[PDB]
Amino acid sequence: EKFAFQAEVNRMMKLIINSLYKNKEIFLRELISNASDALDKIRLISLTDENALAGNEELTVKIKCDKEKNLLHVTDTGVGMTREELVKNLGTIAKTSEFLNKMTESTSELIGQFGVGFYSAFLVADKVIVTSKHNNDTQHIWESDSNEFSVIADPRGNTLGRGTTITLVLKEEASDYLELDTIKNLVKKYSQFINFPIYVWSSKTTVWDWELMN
């Protein structure tokens, strides 16, 4: 159930952490961007398939601060990932070569062009948990502290309907990202060219609910 990252992913994770240690907020730009791509990908599957949206009828992004448990959740209802997509999409690249030399040679711009912005999560996270439910497979969980990862069947069953949650066990330097004021400012900033509604679980004067940001 446990796996090793491949060499280039280790190299790029290190490259990412030492380039963007100053612009740490980009991690949340890249999680929202990756969520939009996933929703896009299911919207197009649904063009040639009316069962595509069966698992869950909406196309959203819901973001959650849980500051007692030191966690940040970015859940989308996009195309999701089968168990094998968790293993190769997240532990592999292949589909790079010169990128490792063209990134060493502003790389904040260029991380998103190769779609590799997921690893920017380790800038702020000690653990990343990816819970994903794909129409062609059961819900699975991917877990890593960057020194390895594992995928396991989710014992809670299919909670997502379809889609993906990124869960970040935040570092102590990233405790700032647990206050709604900061989070909603960074989400508002990075959600404007996103074609899906993006919500944060927020507080109003007191009850909790999804608050729309775009």
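Here, rigid core means the biggest group of C-alpha atoms that superpose within 1.5 Å across both forms. All residue numbers refer to positions in the sequence shown, first residue = 1.
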Greater root mean square CA deviation, 117 to 125 compared with 138 to 146 in 9 other deposited structures of this protein, core aligned: 117 to 125
Farther-lying stretch by C-alpha RMS in 9 other deposited structures of this protein (rigid core fit) among 189 to 197, 15 to 23: 15 to 23
Missing-residue flag, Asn101, threshold a third of other entries: yes
Deposited but uncoordinated residues in the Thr205/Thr206 interval: 4 to 9
Unmodelled deposited residues flanked by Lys95 on one side and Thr96 on the other: 1 to 3
Of 147 to 155 and 47 to 55, the stretch whose C-alpha atoms average the higher B-factor in the entry: 47 to 55
Entry-level comparison of average CA B-factors, 23 to 31 and 173 to 181, reporting the higher stretch: 173 to 181
Among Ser132, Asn135, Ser106, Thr75 - the residue whose C-alpha B-factor is largest in the record: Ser106
Highest-ranked of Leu71, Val128, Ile141, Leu100 once sorted by CA temperature factor in the record: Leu100
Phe196, C-alpha B-factor rank within chain (lowest, middle or highest third): lowest
Ranked C-alpha temperature factor of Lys67 among modelled chain residues, by third: highest
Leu123 - which third its CA temperature factor falls in, relative to the rest of the chain: middle
Within-chain third of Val116 by Cα B-factor, per the entry: highest
Third of chain Cα B-factors occupied by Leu90: middle
